[PDB]
Amino acid sequence: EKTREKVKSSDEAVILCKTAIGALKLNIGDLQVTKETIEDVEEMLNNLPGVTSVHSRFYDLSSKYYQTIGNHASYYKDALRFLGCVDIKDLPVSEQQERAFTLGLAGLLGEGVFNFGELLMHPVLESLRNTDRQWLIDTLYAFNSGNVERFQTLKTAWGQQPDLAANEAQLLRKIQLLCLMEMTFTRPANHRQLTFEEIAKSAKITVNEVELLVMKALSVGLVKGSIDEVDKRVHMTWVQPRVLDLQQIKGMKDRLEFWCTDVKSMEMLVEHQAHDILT
Amino acid sequence: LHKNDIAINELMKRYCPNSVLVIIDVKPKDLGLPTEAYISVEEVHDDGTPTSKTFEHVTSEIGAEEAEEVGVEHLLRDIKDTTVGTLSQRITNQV
Amino acid sequence: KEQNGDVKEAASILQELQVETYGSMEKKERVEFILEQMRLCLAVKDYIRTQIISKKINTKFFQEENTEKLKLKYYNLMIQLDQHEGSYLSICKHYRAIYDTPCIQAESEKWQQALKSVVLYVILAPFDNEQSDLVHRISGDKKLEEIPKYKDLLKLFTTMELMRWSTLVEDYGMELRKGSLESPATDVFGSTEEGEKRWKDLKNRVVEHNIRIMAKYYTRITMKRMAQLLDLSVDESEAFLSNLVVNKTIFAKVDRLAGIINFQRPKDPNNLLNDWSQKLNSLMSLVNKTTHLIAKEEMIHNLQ
Amino acid sequence: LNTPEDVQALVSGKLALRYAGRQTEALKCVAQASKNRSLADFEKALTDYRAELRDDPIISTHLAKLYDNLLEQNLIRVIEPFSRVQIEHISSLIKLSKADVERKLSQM
């Protein structure tokens with residue numbers, strides 16, 4: 001309070017005062033003061049948030065705000081502030097890899113963005129991914145790419161015993177939206193009508209839940225679909241996409257250049273017929 | 001553009017806090033509309049870098065004003081007005 | 001008070017219930033006497049006579065600005081007026097006028113049942129805009145969301161997604177035995193002669209809970225599948241959907257032909273928005289594809 | 001004029017009760033029949049007093065209350081056809097009273 005009342009220093013004294021409140025808030029409690037002054041940090045960070053030291057300490061106080069539980073789903077943005085804050089490793093890998101361990105765990109505990117393998121060509125996590133247990137990353141990939149291999153999506157219960165049954169039905173919802181990206185992403189173009197066996201097979205669920213599934217996807221608002229279940233065979237609209245792979249870059253080049261040079265070539269053919277009447 | 005242009009932009013964003021540039025071409029042949037707009041805001045990054053101050057491509061056009069073409073369409077003199085019914089559609093097709 | 005009210009009744013006082021509004025109106029004793037006949041017309045039991053005298057009530061719009069808590073103590077009688085026979089939109093301002101003294105009072109259980117009685121008529125009120133933003137206003141409350149049954153109430157209203165009637169029987173029939181407030185859950189559910197009509201209105205709520213989202217959705221589903229996802233069978237479907245096709249503002253589609261229905265209600269009068277949506281959206285996105293993909297390609301070759 | 005409330009209140013009129021009879025029973029029964037639109041009540045109480053129904057040769061009023069109600073009856077029974085229609089979509093949906101109540105709907 002002394003070095004806040006007498007210090008109005010020009011190299012951003014107010015935010016270092018608020019991070020002093022944050023860094024010694026570790027003993028005063030973290031529920032009476034977190035909202036007020038931790039939110040007041042980014043209220044006062046309205047000039048130019050480019051210090052990266054106040055942003056890392058800002059992650060530290062917002063992650064203590066994640067500890068004192070408010071908005072599990074905000075941990076993905078809090079990861080976009082820590083993962084966002086650090087660029088070069090600047091702290092030992094022998095603690096970073098366990099931070100990536102608990103980062104994957106706590107990003108799993110907050111389920112708002114449900115595509116947590118979104119950015120995993122990120123260096124100061126992937127250099128931990130290839131040094132941590134190699135299957136936790138593959139079960140984040142079993143929540144990213146494909147919703148099958150009960151080895152993976154149950155090995156996340158084998159290795160990680162606690163804090164999975166408290167989110168198990170919601171993780172089933174996550175694999176039941178992973179089928180929703182699969183069926184129009186990987187499969188040939190759409191099939192225009194997709195059977196209950198397909199959603200229930202990728203979903204490892206019964207027939208009488210894919211209805212609740214597609215309505216729940218409408219409640220989420222990632223698909224605008226028409227619920228075709230006169231045949232239990234579902235019709236497709238636009239979906240929020242998932243990460244384009246390298247082989248999917250290549251297959252995208254394939255079907256995309258298919259479109260490109262076919263429309264261009266048959267366009268030149270139409271114009272070759274339309275060429276005679278210019279004058 | 002080149003890397004000095006951000007220094008130009010932020011050095012003249014002090015009079016008014018926005019300073020939109022205009023790319024043009026004195027010898028244009030292949031482009032569409034010469035007029036271009038950027039703006040210098042931040043998304044900061046997915047990796048949240050120290051101030052990734054990016055030009056952001058704002059949409060653009062050629063404007064319009066009544067009776068500013070008095071010189072123009074008298075000068076150019078070559079305009080075939082209202083070619084609807086002939087070959088404008090196939091020029092748009094080719095291009 | 002000779003017999004505290006026998007068949008000798010308002011035949012000598014309806015002559016007196018119109019005079020003092022013309023000679024010299026006093027702003028309190030006219031109120032304290034205009035409350036006297038609602039208990040008389042509960043004994044008459046004619047609710048349109050109760051709204052003759054309530055027409056004499058609501059011709060007194062100058063109601064606030066008294067000396068003291070007397071109008072704030074009149075309000076319990078003012079709501080005893082239209083507790084039962086008050087219409088299911090009159091209960092909006094009426095069962096929020098129940099709240100004017102619990103704002104002022106220092107109780108926390110009469111205030112708690114004031115909150116649960118300012119929220120449990122939302123079930124009673126039919127589907128409207130003033131209800132729908134009224135529950136936007138009164139939400140974000142202080143001690144209303146502290147009841148997880150109000151979380152059930154709001155959860156039954158946000159995107160709504162389906163409902164099971166028996167899970168509602170659980171969640172809102174264990175509240176009729178569990179007591180913190182006990183009088184509004186009695187008045188809405190625990191009562192029989194009107195509370196069971198409000199159970200019927202709850203059945204209206206569960207079936208309109210079906211019909212609203214199924215009017216939003218379900219293009220090309222069948223019918224027995226429809227009834228089993230209605231959680232109410234096919235004869236119950238004709239009952240429970242006849243009494244909401246008399247709403248006659250939702251267009252749906254059913255056929256029999258063996259017991260199979262279909263959908264796509266307007267019979268598609270469109271070749272227009274196909275062109276509009278498809279071609280204008282795609283072509284303008286493609287003219288953006290130049291202006292920003294070659295922009296980012298030139299950016300990634302600025303940084304190369 | 002289609003105000004059966006005032007028909008009831010004016011057969012409750014004092015001078016109509018001074019001048020009552022059986023034609024006032026006709027007026028009261030058809031008044032209740034149009035008061036509640038039970039078209040079976042209408043037909044039944046109408047044909048009960050046919051010998052006094054002759055004195056109104058405008059029975060087009062009566063069969064047009066039947067008709068000009070049956071238009072919106074077939075409107076409310078033409079919208080429920082996409083809610084859950086039952087067997088014989090054209091001639092078992094209505095009230096279906098007294099051995100094929102049609103040759104009126106098909107007639108219209």
# chains A, B, ... in the order shown; residues from 1 in each chain; ligands from 1

call {"tool": "residues_around", "arguments": {"residues": "residue 45 in chain A", "least_positions_apart": "4", "cutoff": "12 Å", "atoms": "only C-alpha atoms", "output": "PyMOL selection string"}}
result
chain A and resi 12-16+18-19+37-41+49-52+54-55+58

call {"tool": "write_last_selection", "arguments": {"atoms": "C-alpha atoms", "output": "CSV table (one decimal), in the first residue's frame"}}
result
chain,number,residue,atom,x,y,z
A,12,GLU,CA,3.6,1.0,-15.8
A,13,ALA,CA,3.5,1.3,-12.0
A,14,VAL,CA,-0.2,0.7,-11.7
A,15,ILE,CA,-0.1,-2.8,-13.2
A,16,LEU,CA,2.9,-3.8,-11.2
A,18,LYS,CA,-2.0,-4.8,-9.2
A,19,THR,CA,0.2,-7.8,-9.8
A,37,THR,CA,-8.6,-6.2,-8.5
A,38,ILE,CA,-7.7,-9.1,-10.8
A,39,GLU,CA,-10.4,-7.8,-13.2
A,40,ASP,CA,-9.1,-4.3,-12.5
A,41,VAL,CA,-5.7,-5.5,-13.9
A,49,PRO,CA,-1.0,-5.1,-23.3
A,50,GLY,CA,2.4,-5.9,-24.6
A,51,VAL,CA,4.6,-6.2,-21.5
A,52,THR,CA,4.3,-10.1,-21.3
A,54,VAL,CA,2.4,-8.4,-16.5
A,55,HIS,CA,0.6,-10.9,-18.8
A,58,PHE,CA,-1.8,-11.9,-15.0

call {"tool": "residues_around", "arguments": {"residues": "range 288-303 of chain C", "least_positions_apart": "2", "cutoff": "9 Å", "atoms": "only C-alpha atoms", "output": "ChimeraX atom specification"}}
result
/B:1-3,57,59 /C:283-286

call {"tool": "residues_around", "arguments": {"residues": "range 74-76 of chain D", "least_positions_apart": "3", "cutoff": "10 Å", "atoms": "only C-alpha atoms", "output": "number ranges by chain"}}
result
C: 245-246, 248; D: 69-71, 79-81, 93-94, 105

call {"tool": "residues_around", "arguments": {"residues": "residue 81 in chain A", "least_positions_apart": "4", "cutoff": "8 Å", "atoms": "only C-alpha atoms", "output": "list in words"}}
result
residues 55, 56, 59, 77 and 85 of chain A; 48 of chain B

call {"tool": "write_last_selection", "arguments": {"atoms": "N, CA, C and O atoms", "output": "PDB file, in the first residue's frame"}}
result
ATOM      1  N   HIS A  55       1.583  -9.895 -18.268  1.00  0.00           N
ATOM      2  CA  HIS A  55       0.639 -10.862 -18.801  1.00  0.00           C
ATOM      3  C   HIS A  55       0.881 -12.250 -18.226  1.00  0.00           C
ATOM      4  O   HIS A  55      -0.076 -12.997 -18.006  1.00  0.00           O
ATOM      5  N   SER A  56       2.136 -12.595 -17.930  1.00  0.00           N
ATOM      6  CA  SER A  56       2.397 -13.878 -17.285  1.00  0.00           C
ATOM      7  C   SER A  56       1.964 -13.853 -15.824  1.00  0.00           C
ATOM      8  O   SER A  56       1.348 -14.813 -15.344  1.00  0.00           O
ATOM      9  N   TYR A  59      -1.706 -14.115 -15.926  1.00  0.00           N
ATOM     10  CA  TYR A  59      -2.087 -15.520 -15.949  1.00  0.00           C
ATOM     11  C   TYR A  59      -2.008 -16.129 -14.562  1.00  0.00           C
ATOM     12  O   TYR A  59      -2.855 -16.943 -14.198  1.00  0.00           O
ATOM     13  N   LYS A  77      -9.179 -20.019 -22.311  1.00  0.00           N
ATOM     14  CA  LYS A  77      -8.670 -18.669 -22.524  1.00  0.00           C
ATOM     15  C   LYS A  77      -7.518 -18.368 -21.576  1.00  0.00           C
ATOM     16  O   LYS A  77      -6.586 -17.633 -21.923  1.00  0.00           O
ATOM     17  N   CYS A  85       1.127 -16.302 -23.024  1.00  0.00           N
ATOM     18  CA  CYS A  85       2.097 -15.416 -22.390  1.00  0.00           C
ATOM     19  C   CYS A  85       3.518 -15.834 -22.741  1.00  0.00           C
ATOM     20  O   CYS A  85       4.313 -15.021 -23.222  1.00  0.00           O
TER      21      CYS A  85
ATOM     22  N   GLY B  48       0.207 -15.531 -28.452  1.00  0.00           N
ATOM     23  CA  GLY B  48       0.199 -14.267 -27.734  1.00  0.00           C
ATOM     24  C   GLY B  48       1.503 -13.499 -27.690  1.00  0.00           C
ATOM     25  O   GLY B  48       1.959 -13.129 -26.606  1.00  0.00           O
TER      26      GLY B  48
END

call {"tool": "residues_around", "arguments": {"residues": "range 67-82 of chain C", "least_positions_apart": "4", "cutoff": "9 Å", "atoms": "only C-alpha atoms", "output": "ChimeraX atom specification"}}
result
/C:28,31-32,35,38-39,42,50,54,57,63,86-87,90-91,94-95,97-98,100-101,104

call {"tool": "interface_residues", "arguments": {"of": "chain A", "to": "chain B", "cutoff": "12 Å", "atoms": "only C-alpha atoms", "output": "PyMOL selection string"}}
result
chain A and resi 48-56+76-88+118-125+263-279

call {"tool": "interface_residues", "arguments": {"of": "chain C", "to": "chain D", "cutoff": "6 Å", "atoms": "only C-alpha atoms", "output": "list in words"}}
result
residues 238, 245, 252, 253 and 254 of chain C

call {"tool": "closest_residue", "arguments": {"among": "C:186, C:264, C:282, C:51", "to": "residue 199 in chain C", "atoms": "only C-alpha atoms"}}
result
C:186

call {"tool": "interface_residues", "arguments": {"of": "chain C", "to": "chain A", "cutoff": "6 Å", "atoms": "only C-alpha atoms", "output": "PyMOL selection string"}}
result
chain C and resi 218-222

call {"tool": "atom_distance", "arguments": {"atom1": "CA of residue 109 in chain A", "atom2": "CA of residue 29 in chain A"}}
result
23.2 Å

call {"tool": "select_by_dssp", "arguments": {"residues": "range 14-163 of chain C", "states": "helix (DSSP H, G or I)", "output": "PyMOL selection string"}}
result
chain C and resi 29-34+38-44+47-57+70-81+90-97+100-104+110-117+129-137+148-155

call {"tool": "atom_distance", "arguments": {"atom1": "CA of residue 45 in chain D", "atom2": "CA of residue 29 in chain D"}}
result
6.3 Å

call {"tool": "interface_residues", "arguments": {"of": "chain B", "to": "chain C", "cutoff": "12 Å", "atoms": "only C-alpha atoms", "output": "PDB file with N, CA and C atoms, in the first residue's frame"}}
result
ATOM      1  N   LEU B   1       3.755  -3.735 -50.058  1.00  0.00           N
ATOM      2  CA  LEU B   1       4.156  -3.073 -48.828  1.00  0.00           C
ATOM      3  C   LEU B   1       5.480  -3.636 -48.323  1.00  0.00           C
ATOM      4  N   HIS B   2       6.063  -2.947 -47.351  1.00  0.00           N
ATOM      5  CA  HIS B   2       7.300  -3.406 -46.741  1.00  0.00           C
ATOM      6  C   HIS B   2       7.262  -3.104 -45.248  1.00  0.00           C
ATOM      7  N   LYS B   3       8.327  -3.499 -44.547  1.00  0.00           N
ATOM      8  CA  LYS B   3       8.295  -3.536 -43.088  1.00  0.00           C
ATOM      9  C   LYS B   3       8.417  -2.151 -42.459  1.00  0.00           C
ATOM     10  N   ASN B   4       8.861  -1.149 -43.216  1.00  0.00           N
ATOM     11  CA  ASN B   4       8.909   0.215 -42.695  1.00  0.00           C
ATOM     12  C   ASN B   4       7.512   0.823 -42.568  1.00  0.00           C
ATOM     13  N   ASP B   5       6.524   0.241 -43.254  1.00  0.00           N
ATOM     14  CA  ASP B   5       5.198   0.839 -43.350  1.00  0.00           C
ATOM     15  C   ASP B   5       4.480   0.873 -42.011  1.00  0.00           C
ATOM     16  N   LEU B  31      -4.542  -5.928 -61.650  1.00  0.00           N
ATOM     17  CA  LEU B  31      -5.347  -5.761 -60.449  1.00  0.00           C
ATOM     18  C   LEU B  31      -6.809  -5.438 -60.748  1.00  0.00           C
ATOM     19  N   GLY B  32      -7.607  -5.309 -59.699  1.00  0.00           N
ATOM     20  CA  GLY B  32      -9.008  -4.988 -59.847  1.00  0.00           C
ATOM     21  C   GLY B  32      -9.175  -3.530 -59.498  1.00  0.00           C
ATOM     22  N   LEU B  33      -9.569  -3.238 -58.269  1.00  0.00           N
ATOM     23  CA  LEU B  33      -9.680  -1.849 -57.854  1.00  0.00           C
ATOM     24  C   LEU B  33      -8.351  -1.448 -57.234  1.00  0.00           C
ATOM     25  N   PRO B  34      -7.782  -0.304 -57.619  1.00  0.00           N
ATOM     26  CA  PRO B  34      -6.538   0.160 -56.982  1.00  0.00           C
ATOM     27  C   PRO B  34      -6.658   0.394 -55.487  1.00  0.00           C
ATOM     28  N   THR B  35      -7.781   0.951 -55.034  1.00  0.00           N
ATOM     29  CA  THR B  35      -7.927   1.373 -53.644  1.00  0.00           C
ATOM     30  C   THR B  35      -7.918   0.198 -52.675  1.00  0.00           C
ATOM     31  N   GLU B  36      -7.093   0.317 -51.639  1.00  0.00           N
ATOM     32  CA  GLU B  36      -6.928  -0.722 -50.640  1.00  0.00           C
ATOM     33  C   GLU B  36      -6.901  -0.064 -49.270  1.00  0.00           C
ATOM     34  N   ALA B  37      -7.355  -0.804 -48.261  1.00  0.00           N
ATOM     35  CA  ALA B  37      -7.388  -0.302 -46.898  1.00  0.00           C
ATOM     36  C   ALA B  37      -6.843  -1.343 -45.932  1.00  0.00           C
ATOM     37  N   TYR B  38      -5.887  -0.930 -45.105  1.00  0.00           N
ATOM     38  CA  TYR B  38      -5.491  -1.677 -43.921  1.00  0.00           C
ATOM     39  C   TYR B  38      -5.865  -0.900 -42.666  1.00  0.00           C
ATOM     40  N   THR B  54      -0.489  -5.799 -36.413  1.00  0.00           N
ATOM     41  CA  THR B  54      -0.721  -6.268 -37.769  1.00  0.00           C
ATOM     42  C   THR B  54      -1.620  -5.297 -38.523  1.00  0.00           C
ATOM     43  N   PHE B  55      -1.232  -4.994 -39.759  1.00  0.00           N
ATOM     44  CA  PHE B  55      -2.151  -4.379 -40.701  1.00  0.00           C
ATOM     45  C   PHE B  55      -3.294  -5.342 -40.990  1.00  0.00           C
ATOM     46  N   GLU B  56      -4.524  -4.840 -40.950  1.00  0.00           N
ATOM     47  CA  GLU B  56      -5.706  -5.670 -41.138  1.00  0.00           C
ATOM     48  C   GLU B  56      -6.495  -5.155 -42.325  1.00  0.00           C
ATOM     49  N   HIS B  57      -6.652  -6.006 -43.331  1.00  0.00           N
ATOM     50  CA  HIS B  57      -7.165  -5.624 -44.643  1.00  0.00           C
ATOM     51  C   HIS B  57      -8.639  -5.264 -44.546  1.00  0.00           C
ATOM     52  N   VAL B  58      -8.916  -3.972 -44.499  1.00  0.00           N
ATOM     53  CA  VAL B  58     -10.287  -3.490 -44.523  1.00  0.00           C
ATOM     54  C   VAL B  58     -10.758  -3.487 -45.970  1.00  0.00           C
ATOM     55  N   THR B  59     -12.043  -3.771 -46.175  1.00  0.00           N
ATOM     56  CA  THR B  59     -12.623  -3.737 -47.507  1.00  0.00           C
ATOM     57  C   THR B  59     -12.626  -2.321 -48.074  1.00  0.00           C
ATOM     58  N   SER B  60     -12.695  -2.244 -49.398  1.00  0.00           N
ATOM     59  CA  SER B  60     -12.477  -0.997 -50.109  1.00  0.00           C
ATOM     60  C   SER B  60     -13.327  -0.969 -51.368  1.00  0.00           C
ATOM     61  N   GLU B  61     -13.356   0.199 -52.012  1.00  0.00           N
ATOM     62  CA  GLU B  61     -13.997   0.395 -53.313  1.00  0.00           C
ATOM     63  C   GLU B  61     -13.534   1.730 -53.882  1.00  0.00           C
TER      64      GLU B  61
END

call {"tool": "residues_around", "arguments": {"residues": "residue 32 in chain D", "least_positions_apart": "4", "cutoff": "8 Å", "atoms": "only C-alpha atoms", "output": "list in words"}}
result
residues 4, 28 and 36 of chain D

call {"tool": "select_by_dssp", "arguments": {"residues": "chain B", "states": "strand (DSSP E or B)", "output": "list in words"}}
result
residues 37, 38, 39, 40, 41, 54, 55, 56, 57 and 58 of chain B

call {"tool": "residues_around", "arguments": {"residues": "residue 30 in chain D", "least_positions_apart": "3", "cutoff": "10 Å", "atoms": "only C-alpha atoms", "output": "ChimeraX atom specification"}}
result
/D:4,24-27,33-37,41-46,62
